[PDB]
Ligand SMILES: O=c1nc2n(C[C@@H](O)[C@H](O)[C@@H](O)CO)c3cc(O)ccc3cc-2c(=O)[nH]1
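Given as structure tokens, the chain that follows is alone and in the form deposited without the named molecule.
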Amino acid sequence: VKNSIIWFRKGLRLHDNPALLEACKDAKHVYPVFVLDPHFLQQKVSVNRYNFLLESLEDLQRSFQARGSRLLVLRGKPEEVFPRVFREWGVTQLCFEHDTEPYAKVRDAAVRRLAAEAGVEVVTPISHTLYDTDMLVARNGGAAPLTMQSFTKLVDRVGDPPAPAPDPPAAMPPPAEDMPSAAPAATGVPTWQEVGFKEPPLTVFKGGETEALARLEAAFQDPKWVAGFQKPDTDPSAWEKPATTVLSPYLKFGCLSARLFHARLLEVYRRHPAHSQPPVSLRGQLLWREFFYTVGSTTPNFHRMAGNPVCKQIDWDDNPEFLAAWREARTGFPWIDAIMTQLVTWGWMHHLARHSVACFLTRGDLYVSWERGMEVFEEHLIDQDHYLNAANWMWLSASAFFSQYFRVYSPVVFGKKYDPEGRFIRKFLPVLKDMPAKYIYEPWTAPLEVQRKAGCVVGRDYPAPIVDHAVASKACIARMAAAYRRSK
């Protein structure tokens, strides 16, 4: 008989899940498994993202329960847990969604050889990206494109991505009863308290496929907005209603299928002939994700500067004091500190807000390596993506893809063009809530009487600016021009 395991890592969803569909076909018993390391906090991960993952597992649990099955959260590492459960459960087939991350390749290749020795057939469909990214490289002559323009012409010749897979059946083959490793007390979904976190999450975005599909339908309530979407024209200061979809956490964990998103976009585009085109369109935003996945999965050392063949070797400063002030939202520039506060509280910021804080730390003002900034983003972002975080950090620091280092965002003027009254700043920096709008982006320029009346005295309640942007940005541009000349 056929007993199968569907192994969730990403792809935390029931819709468009070809690995789940294959596991369930002709199966007597199906074991939906997520493997959790109970000592992940011993040597990195904010409670905001880890609880987002836990909320995604609880949503999967309710979906399987509604279909007569159950999600098993196994504690341990995959190389030690799977050899046991293969024999105990009589497994004949192991299915999981393909993954191209570095550790994913080492981990999955080990699980492949263990299944082989146990007589278990392995099926690994592709469904986390729009396309088989290896097929895109092979169609391009054996190398990934290095520009978005060249990449978009490639996918146009390749054609549309595969349609989303059908829904799973209304009833699922359940796990066998009275299996010791499937005991409910040892396979439940933990809380953030039980895994060791002492501070509760503060983010307003809840995990799960249900929330992902709810947010998708909300975005498509106005097809005119979807059709005319232009990414560079969206408001980074909008927080009551963010200016973009905020689907990145759900796409990162696979709570939302990228192919379903793409299919829904095509349905709208065919009724709106004047819809926006790549790279600025909403479809173009998914192509950015596909582009960085295609380049990153084929480039060694993609997340580092050293050994990375696509990253410029820049002599970045080792300044812990600048990094600490940037990391702790005490730079003295309210626009920067407000966004860095949104990072630690929400775990998500608008794309152009990420631009501001990334440019400031690296090629704009402080000249600290983008790897240090990525380390800070990798801890707090609920949508942290190994390939996307790295690519955009190299972009913003002009180390890869982007080269126009004379374009420098002002930590004073940038946000003022969107939010002259500083509503975003008052929301995330309540110490400046009473400051008149004339000085909220430059609180040090406010006369002392105004600072006292507003209850925010620069130097006691809110720090002075750690740098002069005029001086600091001039020093950073001159240094980048010399680094660009020595790297020929």
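Shifts are known only where both forms have a C-alpha. Throughout, rigid core stands for the largest set of C-alpha atoms superposing within 1.5 Å between the two forms. Residues carry their position along the shown sequence, with the first being 1.
What comes next is about the form deposited with the named molecule bound, which does not appear here.
- Taking non-hydrogen atoms only, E421 never approaches the named molecule to within 4.5 angstroms in the deposited bound form.
- Proximity of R107 to the named molecule in the deposited bound form: non-hydrogen atoms within 4.5 Å are present.
- Taking non-hydrogen atoms only, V450 never approaches the named molecule to within 4.5 angstroms in the deposited bound form.
- Remark: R327 does not count among the residues lining the named molecule in the deposited bound form, judged by a heavy atom distance of 4.5 Å or less.
- Against the named molecule in the deposited bound form, the set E321, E371 and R479 makes no contact: no member has a heavy atom within 4.5 Å.
- The stretch that touches the named molecule in the deposited bound form, counting heavy atoms within 4.5 Å, is 246 to 254, out of 150 to 158, 309 to 317, 246 to 254, 172 to 180.
- Only one of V431, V457, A27, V45 comes within 4.5 Å of the named molecule in the deposited bound form through a heavy atom, and that residue is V45.
- Interface residues of 370 to 398, taken as those with a heavy atom within 4.5 Å of the named molecule in the deposited bound form (partner not displayed), are limited to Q384.
- Core-based superposition between the shown form and the other one shows that, of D37, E421, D26, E449, only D37 has its Cα displaced by 2 Å or more.
- By the rule of 2 Å per CA over three or more consecutive residues, the rigid core superposition between the shown form and the other one yields one shifted run, at 37 to 43.
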